[PDB]
Amino acid sequence: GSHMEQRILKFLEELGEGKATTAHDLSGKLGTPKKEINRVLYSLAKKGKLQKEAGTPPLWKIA
Amino acid sequence: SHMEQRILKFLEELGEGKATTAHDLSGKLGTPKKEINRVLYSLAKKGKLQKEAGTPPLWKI
Amino acid sequence: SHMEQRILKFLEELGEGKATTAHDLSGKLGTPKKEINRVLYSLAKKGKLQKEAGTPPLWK
Amino acid sequence: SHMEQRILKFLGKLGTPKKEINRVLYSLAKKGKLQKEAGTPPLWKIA
DNA sequence: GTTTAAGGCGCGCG
DNA sequence: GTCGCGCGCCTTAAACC
């Protein structure tokens, strides 16, 4: 799918098996604003491709 | 708030039986849904308001 | 109504660049987006405005 | 998902709850596993 | 003193 | 008949610099 989803999918995959990160972390390490990051994460989520542990902030890993 | 008690008395006013949707809660009170949900969600922070999830979410005490 | 015409008035009159977001229209007019967006998406189907895309969308 | 599968089997308006149905449709389009070519009615199929 | 907040929001829906 | 809608979102207060 997308460039941005590409990059996000790279980073999460490389963290490890079950390692999870935040939109904030991603935002910093990819140089994109959090708004974009979240936009995509929530998409990939609705797409079954990722998993959100809900809280403050939510945690994102692969399902 | 003026609306908070009003939101309360309306939920309160129509028994303990059931919650209603922000949509109608608006339409009857003549207040827009934006203002309504703001307050509902605001109140649900505090214990009185009680939110039962869905589409649309249902609001009772 | 009253609102359609004002909004309707706003675009050309303040044609600086081209177009603005429902949000801006709101803030200027002191009116929530619901009424505004109703009127914009309305004025589209029938022809007097163009939705140049984005989030939020822009109207000219 | 239970009720998503069901719709797939068939292969666009279907006689079980129709509101709840459209959610599950656009989901699997956004989600994938379905195509959505525009017009009225919206047409649906496996891609 | 920016940034977060579920903050992702695009929504107009009768 | 298109309708998927969940939406509260700052007339912002708590929270991290």
# chains A, B, ... in the order shown; residues from 1 in each chain; ligands from 1
>>> interface_residues(of="chain D", to="chain A", cutoff="8 Å", atoms="only C-alpha atoms", output="list in words")
residues 27, 28, 30, 31 and 32 of chain D
>>> residues_around(residues="residue 2 in chain C", least_positions_apart="4", cutoff="12 Å", atoms="only C-alpha atoms (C1' of nucleotides)", output="PyMOL selection string")
chain C and resi 6-9+29+35-36+39
>>> residues_around(residues="range 7-10 of chain E", least_positions_apart="4", cutoff="6 Å", atoms="only C-alpha atoms (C1' of nucleotides)", output="list in words")
residues 38, 39 and 42 of chain A; 55 of chain C
>>> write_last_selection(atoms="N, CA, C and O atoms", output="PDB file, in the first residue's frame")
ATOM      1  N   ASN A  38      -1.061   9.415  12.977  1.00  0.00           N
ATOM      2  CA  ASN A  38      -2.290   8.863  13.523  1.00  0.00           C
ATOM      3  C   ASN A  38      -3.274   8.561  12.413  1.00  0.00           C
ATOM      4  O   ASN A  38      -3.906   7.500  12.406  1.00  0.00           O
ATOM      5  N   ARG A  39      -3.373   9.463  11.446  1.00  0.00           N
ATOM      6  CA  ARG A  39      -4.310   9.267  10.342  1.00  0.00           C
ATOM      7  C   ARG A  39      -4.136   7.875   9.749  1.00  0.00           C
ATOM      8  O   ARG A  39      -5.087   7.093   9.676  1.00  0.00           O
ATOM      9  N   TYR A  42      -4.616   4.669  12.284  1.00  0.00           N
ATOM     10  CA  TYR A  42      -6.013   4.346  12.443  1.00  0.00           C
ATOM     11  C   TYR A  42      -6.613   3.694  11.178  1.00  0.00           C
ATOM     12  O   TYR A  42      -7.496   2.838  11.261  1.00  0.00           O
TER      13      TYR A  42
ATOM     14  N   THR C  55      -8.093  17.635   3.692  1.00  0.00           N
ATOM     15  CA  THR C  55      -8.747  17.410   4.996  1.00  0.00           C
ATOM     16  C   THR C  55      -8.450  18.548   5.980  1.00  0.00           C
ATOM     17  O   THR C  55      -7.349  18.611   6.512  1.00  0.00           O
TER      18      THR C  55
END
>>> atom_distance(atom1="CA of residue 22 in chain C", atom2="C1' of residue 4 in chain E")
24.5 Å
>>> residues_around(residues="residue 6 in chain E", least_positions_apart="3", cutoff="10 Å", atoms="only C-alpha atoms (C1' of nucleotides)", output="short mmCIF file (atom, residue, chain, number, x, y, z; two decimals) with C-alpha atoms, in the first residue's frame")
data_model
loop_
_atom_site.label_atom_id
_atom_site.label_comp_id
_atom_site.auth_asym_id
_atom_site.auth_seq_id
_atom_site.Cartn_x
_atom_site.Cartn_y
_atom_site.Cartn_z
CA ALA A 54 -6.19 1.58 23.92
CA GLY A 55 -5.12 4.15 26.51
CA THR A 56 -3.15 7.42 26.93
CA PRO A 57 -1.61 7.28 24.38
CA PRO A 58 -2.59 4.14 22.49
#
>>> closest_atom_pairs(of="chain D", to="range 3-7 of chain F", cutoff="9 Å", atoms="only C-alpha atoms (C1' of nucleotides)", output="JSON lines")
{"residue": "D:19", "atom": "CA", "partner": "F:4", "partner_atom": "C1'", "distance": 8.4}
{"residue": "D:20", "atom": "CA", "partner": "F:4", "partner_atom": "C1'", "distance": 9.0}
{"residue": "D:22", "atom": "CA", "partner": "F:4", "partner_atom": "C1'", "distance": 5.6}
{"residue": "D:23", "atom": "CA", "partner": "F:4", "partner_atom": "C1'", "distance": 4.8}
{"residue": "D:24", "atom": "CA", "partner": "F:4", "partner_atom": "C1'", "distance": 8.1}
{"residue": "D:25", "atom": "CA", "partner": "F:4", "partner_atom": "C1'", "distance": 7.8}
{"residue": "D:26", "atom": "CA", "partner": "F:4", "partner_atom": "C1'", "distance": 5.8}
{"residue": "D:27", "atom": "CA", "partner": "F:4", "partner_atom": "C1'", "distance": 7.9}
>>> write_last_selection(atoms="N, CA, C and O atoms", output="PDB file, in the first residue's frame")
ATOM      1  N   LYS D  19     -28.557  -1.208   7.583  1.00  0.00           N
ATOM      2  CA  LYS D  19     -27.647  -0.201   8.139  1.00  0.00           C
ATOM      3  C   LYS D  19     -26.330  -0.891   8.533  1.00  0.00           C
ATOM      4  O   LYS D  19     -25.291  -0.641   7.913  1.00  0.00           O
ATOM      5  N   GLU D  20     -26.398  -1.798   9.514  1.00  0.00           N
ATOM      6  CA  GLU D  20     -25.266  -2.666   9.929  1.00  0.00           C
ATOM      7  C   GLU D  20     -24.514  -3.355   8.776  1.00  0.00           C
ATOM      8  O   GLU D  20     -23.328  -3.664   8.895  1.00  0.00           O
ATOM      9  N   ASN D  22     -24.139  -2.003   5.467  1.00  0.00           N
ATOM     10  CA  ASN D  22     -23.275  -1.000   4.797  1.00  0.00           C
ATOM     11  C   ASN D  22     -21.966  -0.733   5.571  1.00  0.00           C
ATOM     12  O   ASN D  22     -20.902  -0.565   4.951  1.00  0.00           O
ATOM     13  N   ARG D  23     -22.032  -0.714   6.909  1.00  0.00           N
ATOM     14  CA  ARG D  23     -20.817  -0.548   7.736  1.00  0.00           C
ATOM     15  C   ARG D  23     -19.796  -1.608   7.360  1.00  0.00           C
ATOM     16  O   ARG D  23     -18.652  -1.298   6.985  1.00  0.00           O
ATOM     17  N   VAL D  24     -20.265  -2.857   7.413  1.00  0.00           N
ATOM     18  CA  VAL D  24     -19.458  -4.037   7.114  1.00  0.00           C
ATOM     19  C   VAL D  24     -18.997  -4.061   5.651  1.00  0.00           C
ATOM     20  O   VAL D  24     -17.922  -4.569   5.358  1.00  0.00           O
ATOM     21  N   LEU D  25     -19.794  -3.510   4.738  1.00  0.00           N
ATOM     22  CA  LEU D  25     -19.372  -3.395   3.347  1.00  0.00           C
ATOM     23  C   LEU D  25     -18.181  -2.469   3.225  1.00  0.00           C
ATOM     24  O   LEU D  25     -17.109  -2.945   2.890  1.00  0.00           O
ATOM     25  N   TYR D  26     -18.363  -1.170   3.518  1.00  0.00           N
ATOM     26  CA  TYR D  26     -17.306  -0.135   3.340  1.00  0.00           C
ATOM     27  C   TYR D  26     -16.026  -0.456   4.116  1.00  0.00           C
ATOM     28  O   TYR D  26     -14.910  -0.178   3.650  1.00  0.00           O
ATOM     29  N   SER D  27     -16.208  -1.044   5.298  1.00  0.00           N
ATOM     30  CA  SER D  27     -15.135  -1.700   6.060  1.00  0.00           C
ATOM     31  C   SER D  27     -14.242  -2.597   5.189  1.00  0.00           C
ATOM     32  O   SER D  27     -13.061  -2.325   5.041  1.00  0.00           O
TER      33      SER D  27
END
>>> residues_around(residues="residue 4 in chain A", least_positions_apart="4", cutoff="12 Å", atoms="only C-alpha atoms (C1' of nucleotides)", output="mmCIF file with C-alpha atoms, in the first residue's frame")
data_model
loop_
_atom_site.group_PDB
_atom_site.id
_atom_site.type_symbol
_atom_site.label_atom_id
_atom_site.label_comp_id
_atom_site.auth_asym_id
_atom_site.auth_seq_id
_atom_site.Cartn_x
_atom_site.Cartn_y
_atom_site.Cartn_z
ATOM 1 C CA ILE A 8 5.412 2.815 9.489
ATOM 2 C CA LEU A 9 5.161 -0.860 8.684
ATOM 3 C CA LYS A 10 9.001 -0.992 8.458
ATOM 4 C CA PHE A 11 9.586 0.602 11.897
ATOM 5 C CA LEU A 26 6.921 7.258 15.275
ATOM 6 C CA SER A 27 6.379 10.936 14.593
ATOM 7 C CA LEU A 30 10.064 9.414 10.830
ATOM 8 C CA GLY A 31 9.995 13.244 10.779
ATOM 9 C CA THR A 32 6.273 13.354 10.024
ATOM 10 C CA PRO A 33 3.759 15.232 12.243
ATOM 11 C CA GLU A 36 -0.401 12.249 9.698
ATOM 12 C CA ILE A 37 0.996 9.351 11.700
ATOM 13 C CA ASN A 38 -2.290 8.863 13.523
ATOM 14 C CA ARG A 39 -4.310 9.267 10.342
ATOM 15 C CA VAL A 40 -2.508 6.287 8.803
ATOM 16 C CA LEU A 41 -2.295 4.150 11.956
ATOM 17 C CA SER A 43 -6.436 3.430 8.777
ATOM 18 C CA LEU A 44 -4.111 0.381 8.963
#
>>> select_by_dssp(residues="chain C", states="strand (DSSP E or B)", output="PyMOL selection string")
chain C and resi 20-21+51-52+58-59
>>> write_last_selection(atoms="N, CA and C atoms", output="PDB file, in the first residue's frame")
ATOM      1  N   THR C  20     -11.439  28.573   1.013  1.00  0.00           N
ATOM      2  CA  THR C  20     -11.122  28.358   2.419  1.00  0.00           C
ATOM      3  C   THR C  20     -11.873  27.152   2.979  1.00  0.00           C
ATOM      4  N   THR C  21     -11.428  26.704   4.141  1.00  0.00           N
ATOM      5  CA  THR C  21     -11.993  25.539   4.785  1.00  0.00           C
ATOM      6  C   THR C  21     -13.240  25.908   5.550  1.00  0.00           C
ATOM      7  N   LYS C  51     -15.374  21.737  -4.817  1.00  0.00           N
ATOM      8  CA  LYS C  51     -14.680  21.093  -3.720  1.00  0.00           C
ATOM      9  C   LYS C  51     -13.335  20.670  -4.255  1.00  0.00           C
ATOM     10  N   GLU C  52     -12.342  21.484  -3.943  1.00  0.00           N
ATOM     11  CA  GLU C  52     -10.959  21.141  -4.181  1.00  0.00           C
ATOM     12  C   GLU C  52     -10.582  20.379  -2.931  1.00  0.00           C
ATOM     13  N   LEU C  58     -11.570  22.068   0.814  1.00  0.00           N
ATOM     14  CA  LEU C  58     -11.508  23.501   0.536  1.00  0.00           C
ATOM     15  C   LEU C  58     -12.560  23.856  -0.504  1.00  0.00           C
ATOM     16  N   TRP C  59     -13.175  25.018  -0.325  1.00  0.00           N
ATOM     17  CA  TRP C  59     -14.259  25.459  -1.198  1.00  0.00           C
ATOM     18  C   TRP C  59     -13.949  26.846  -1.668  1.00  0.00           C
TER      19      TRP C  59
END
>>> residues_around(residues="residue 62 in chain A", least_positions_apart="4", cutoff="9 Å", atoms="only C-alpha atoms (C1' of nucleotides)", output="list in words")
residues 9, 12, 13, 17, 18, 19, 20, 49, 50, 51 and 52 of chain A
>>> write_last_selection(atoms="C-alpha atoms", output="PDB file, in the first residue's frame")
ATOM      1  CA  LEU A   9       5.161  -0.860   8.684  1.00  0.00           C
ATOM      2  CA  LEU A  12       7.053  -1.446  13.878  1.00  0.00           C
ATOM      3  CA  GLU A  13       8.266  -4.712  12.255  1.00  0.00           C
ATOM      4  CA  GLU A  17       7.898  -9.614  18.223  1.00  0.00           C
ATOM      5  CA  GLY A  18       5.140  -7.839  20.174  1.00  0.00           C
ATOM      6  CA  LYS A  19       7.103  -4.580  20.681  1.00  0.00           C
ATOM      7  CA  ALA A  20       4.722  -1.603  20.459  1.00  0.00           C
ATOM      8  CA  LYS A  49      -3.065  -4.787   9.455  1.00  0.00           C
ATOM      9  CA  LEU A  50      -2.235  -3.450  12.979  1.00  0.00           C
ATOM     10  CA  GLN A  51      -3.309  -3.556  16.628  1.00  0.00           C
ATOM     11  CA  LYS A  52      -4.176  -0.714  19.043  1.00  0.00           C
TER      12      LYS A  52
END
>>> residues_around(residues="range 23-39 of chain B", least_positions_apart="6", cutoff="9 Å", atoms="only C-alpha atoms (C1' of nucleotides)", output="list in words")
residues 3, 4, 6, 7, 10, 11 and 56 of chain B; 32 of chain C; 7 and 8 of chain F
>>> write_last_selection(atoms="C-alpha atoms (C1' of nucleotides)", output="tab-separated table (two decimals), in the first residue's frame")
chain	number	residue	atom	x	y	z
B	3	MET	CA	-27.31	22.69	30.11
B	4	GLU	CA	-25.78	20.08	32.46
B	6	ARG	CA	-31.05	20.28	31.85
B	7	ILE	CA	-29.33	17.26	30.24
B	10	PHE	CA	-34.18	15.06	30.89
B	11	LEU	CA	-32.42	11.78	31.39
B	56	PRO	CA	-25.04	5.86	18.34
C	32	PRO	CA	-20.75	26.15	13.90
F	7	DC	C1'	-17.75	12.96	16.13
F	8	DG	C1'	-17.18	15.16	21.98
>>> interface_residues(of="chain C", to="chain E", cutoff="8 Å", atoms="only C-alpha atoms (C1' of nucleotides)", output="PDB file with N, CA, C and O atoms, in the first residue's frame")
ATOM      1  N   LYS C  34     -21.761  22.757  11.184  1.00  0.00           N
ATOM      2  CA  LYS C  34     -22.981  22.044  10.733  1.00  0.00           C
ATOM      3  C   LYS C  34     -23.800  22.837   9.711  1.00  0.00           C
ATOM      4  O   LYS C  34     -23.989  22.378   8.582  1.00  0.00           O
ATOM      5  N   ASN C  37     -21.388  23.690   6.523  1.00  0.00           N
ATOM      6  CA  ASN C  37     -21.111  22.558   5.669  1.00  0.00           C
ATOM      7  C   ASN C  37     -22.364  22.114   4.925  1.00  0.00           C
ATOM      8  O   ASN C  37     -22.288  21.815   3.718  1.00  0.00           O
ATOM      9  N   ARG C  38     -23.506  22.103   5.625  1.00  0.00           N
ATOM     10  CA  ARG C  38     -24.800  21.862   4.977  1.00  0.00           C
ATOM     11  C   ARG C  38     -24.898  22.680   3.700  1.00  0.00           C
ATOM     12  O   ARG C  38     -25.064  22.128   2.593  1.00  0.00           O
ATOM     13  N   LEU C  40     -22.562  24.340   2.054  1.00  0.00           N
ATOM     14  CA  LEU C  40     -21.494  24.194   1.059  1.00  0.00           C
ATOM     15  C   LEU C  40     -21.782  22.975   0.224  1.00  0.00           C
ATOM     16  O   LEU C  40     -21.882  23.062  -0.990  1.00  0.00           O
ATOM     17  N   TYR C  41     -21.981  21.842   0.872  1.00  0.00           N
ATOM     18  CA  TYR C  41     -22.191  20.605   0.122  1.00  0.00           C
ATOM     19  C   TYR C  41     -23.463  20.664  -0.724  1.00  0.00           C
ATOM     20  O   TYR C  41     -23.520  20.072  -1.808  1.00  0.00           O
ATOM     21  N   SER C  42     -24.461  21.387  -0.213  1.00  0.00           N
ATOM     22  CA  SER C  42     -25.654  21.799  -0.975  1.00  0.00           C
ATOM     23  C   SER C  42     -25.306  22.581  -2.251  1.00  0.00           C
ATOM     24  O   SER C  42     -25.626  22.144  -3.359  1.00  0.00           O
ATOM     25  N   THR C  55      -8.093  17.635   3.692  1.00  0.00           N
ATOM     26  CA  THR C  55      -8.747  17.410   4.996  1.00  0.00           C
ATOM     27  C   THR C  55      -8.450  18.548   5.980  1.00  0.00           C
ATOM     28  O   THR C  55      -7.349  18.611   6.512  1.00  0.00           O
ATOM     29  N   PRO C  56      -9.402  19.453   6.230  1.00  0.00           N
ATOM     30  CA  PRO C  56     -10.755  19.460   5.662  1.00  0.00           C
ATOM     31  C   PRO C  56     -10.753  19.874   4.218  1.00  0.00           C
ATOM     32  O   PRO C  56      -9.765  20.454   3.789  1.00  0.00           O
ATOM     33  N   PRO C  57     -11.829  19.563   3.468  1.00  0.00           N
ATOM     34  CA  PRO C  57     -11.927  20.038   2.083  1.00  0.00           C
ATOM     35  C   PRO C  57     -11.974  21.571   1.978  1.00  0.00           C
ATOM     36  O   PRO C  57     -12.346  22.264   2.939  1.00  0.00           O
TER      37      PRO C  57
END
>>> atom_distance(atom1="CA of residue 59 in chain B", atom2="CA of residue 19 in chain B")
4.6 Å
>>> select_by_dssp(residues="chain B", states="helix (DSSP H, G or I)", output="ChimeraX atom specification")
/B:2-13,22-29,33-45
>>> write_last_selection(atoms="N, CA, C and O atoms", output="CSV table (one decimal), in the first residue's frame")
chain,number,residue,atom,x,y,z
B,2,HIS,N,-26.0,25.4,33.1
B,2,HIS,CA,-27.4,25.5,32.7
B,2,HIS,C,-27.8,24.2,31.9
B,2,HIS,O,-28.9,23.7,32.2
B,3,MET,N,-27.0,23.9,31.0
B,3,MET,CA,-27.3,22.7,30.1
B,3,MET,C,-27.1,21.4,30.8
B,3,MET,O,-27.7,20.4,30.5
B,4,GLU,N,-26.2,21.3,31.8
B,4,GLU,CA,-25.8,20.1,32.5
B,4,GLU,C,-26.9,19.5,33.3
B,4,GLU,O,-27.2,18.3,33.2
B,5,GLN,N,-27.5,20.4,34.1
B,5,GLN,CA,-28.7,20.0,34.9
B,5,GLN,C,-29.8,19.7,33.9
B,5,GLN,O,-30.6,18.8,34.1
B,6,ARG,N,-30.0,20.5,32.9
B,6,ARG,CA,-31.0,20.3,31.8
B,6,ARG,C,-30.9,18.9,31.2
B,6,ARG,O,-31.9,18.2,31.0
B,7,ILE,N,-29.7,18.6,30.8
B,7,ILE,CA,-29.3,17.3,30.2
B,7,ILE,C,-29.7,16.2,31.3
B,7,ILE,O,-30.3,15.2,31.0
B,8,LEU,N,-29.3,16.5,32.5
B,8,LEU,CA,-29.6,15.6,33.6
B,8,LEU,C,-31.1,15.4,33.9
B,8,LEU,O,-31.6,14.3,33.7
B,9,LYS,N,-31.9,16.5,34.2
B,9,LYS,CA,-33.3,16.4,34.4
B,9,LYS,C,-34.1,15.7,33.2
B,9,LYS,O,-35.1,15.2,33.5
B,10,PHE,N,-33.5,15.7,32.0
B,10,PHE,CA,-34.2,15.1,30.9
B,10,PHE,C,-34.0,13.6,30.9
B,10,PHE,O,-34.9,12.8,30.6
B,11,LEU,N,-32.7,13.2,31.2
B,11,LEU,CA,-32.4,11.8,31.4
B,11,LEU,C,-33.2,11.4,32.6
B,11,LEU,O,-34.0,10.4,32.5
B,12,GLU,N,-32.9,12.1,33.7
B,12,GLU,CA,-33.6,11.9,35.0
B,12,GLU,C,-35.1,11.9,34.9
B,12,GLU,O,-35.8,11.1,35.5
B,13,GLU,N,-35.6,12.9,34.1
B,13,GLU,CA,-37.0,13.1,33.9
B,13,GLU,C,-37.8,12.0,33.3
B,13,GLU,O,-39.0,11.9,33.4
B,22,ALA,N,-27.8,11.1,22.0
B,22,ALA,CA,-27.5,12.5,21.9
B,22,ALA,C,-28.3,13.2,20.9
B,22,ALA,O,-28.8,14.3,21.1
B,23,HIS,N,-28.6,12.5,19.7
B,23,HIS,CA,-29.4,13.1,18.7
B,23,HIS,C,-30.7,13.6,19.2
B,23,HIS,O,-31.0,14.8,19.1
B,24,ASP,N,-31.5,12.7,19.7
B,24,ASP,CA,-32.9,13.2,20.1
B,24,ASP,C,-32.8,14.1,21.3
B,24,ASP,O,-33.4,15.2,21.3
B,25,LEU,N,-32.0,13.7,22.3
B,25,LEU,CA,-31.7,14.6,23.4
B,25,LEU,C,-31.5,16.1,23.0
B,25,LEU,O,-32.0,17.0,23.5
B,26,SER,N,-30.8,16.2,21.9
B,26,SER,CA,-30.6,17.5,21.2
B,26,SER,C,-32.0,18.0,20.7
B,26,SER,O,-32.5,19.0,21.2
B,27,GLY,N,-32.6,17.3,19.8
B,27,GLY,CA,-33.8,17.7,19.0
B,27,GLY,C,-35.0,18.2,19.9
B,27,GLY,O,-35.7,19.1,19.5
B,28,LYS,N,-35.2,17.5,21.0
B,28,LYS,CA,-36.2,17.9,21.9
B,28,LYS,C,-35.8,19.1,22.7
B,28,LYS,O,-36.6,20.1,22.7
B,29,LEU,N,-34.6,19.2,23.2
B,29,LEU,CA,-34.1,20.4,23.8
B,29,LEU,C,-33.8,21.6,22.9
B,29,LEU,O,-33.5,22.7,23.4
B,33,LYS,N,-26.3,19.2,18.6
B,33,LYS,CA,-25.7,17.9,19.1
B,33,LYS,C,-24.2,18.1,19.6
B,33,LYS,O,-23.8,17.5,20.6
B,34,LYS,N,-23.5,19.0,18.9
B,34,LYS,CA,-22.1,19.4,19.3
B,34,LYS,C,-22.1,19.8,20.8
B,34,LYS,O,-21.4,19.2,21.6
B,35,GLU,N,-23.0,20.8,21.2
B,35,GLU,CA,-23.1,21.2,22.5
B,35,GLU,C,-23.5,20.1,23.4
B,35,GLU,O,-22.9,19.8,24.5
B,36,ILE,N,-24.5,19.3,23.0
B,36,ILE,CA,-25.0,18.1,23.7
B,36,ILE,C,-23.8,17.1,24.1
B,36,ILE,O,-23.5,16.9,25.2
B,37,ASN,N,-23.2,16.6,23.0
B,37,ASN,CA,-22.1,15.6,23.3
B,37,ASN,C,-21.0,16.1,24.1
B,37,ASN,O,-20.5,15.4,25.0
B,38,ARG,N,-20.6,17.4,23.8
B,38,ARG,CA,-19.5,18.0,24.6
B,38,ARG,C,-19.8,17.8,26.1
B,38,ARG,O,-19.0,17.2,26.8
B,39,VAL,N,-21.0,18.1,26.5
B,39,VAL,CA,-21.5,18.0,27.9
B,39,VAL,C,-21.6,16.5,28.3
B,39,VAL,O,-21.1,16.2,29.4
B,40,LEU,N,-22.3,15.7,27.6
B,40,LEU,CA,-22.4,14.3,27.9
B,40,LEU,C,-21.1,13.7,28.2
B,40,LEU,O,-20.8,13.3,29.3
B,41,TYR,N,-20.2,13.8,27.2
B,41,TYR,CA,-18.9,13.3,27.4
B,41,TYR,C,-18.1,13.9,28.5
B,41,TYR,O,-17.3,13.2,29.2
B,42,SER,N,-18.3,15.2,28.7
B,42,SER,CA,-17.8,16.0,29.8
B,42,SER,C,-18.2,15.3,31.2
B,42,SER,O,-17.4,15.1,32.0
B,43,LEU,N,-19.5,15.1,31.3
B,43,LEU,CA,-20.1,14.6,32.5
B,43,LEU,C,-19.7,13.2,32.8
B,43,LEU,O,-19.3,12.9,33.9
B,44,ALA,N,-19.7,12.3,31.7
B,44,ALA,CA,-19.3,10.9,31.9
B,44,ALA,C,-17.9,10.7,32.5
B,44,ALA,O,-17.7,9.7,33.1
B,45,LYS,N,-17.1,11.8,32.4
B,45,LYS,CA,-15.9,11.9,33.2
B,45,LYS,C,-16.3,11.7,34.6
B,45,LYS,O,-15.9,10.7,35.2
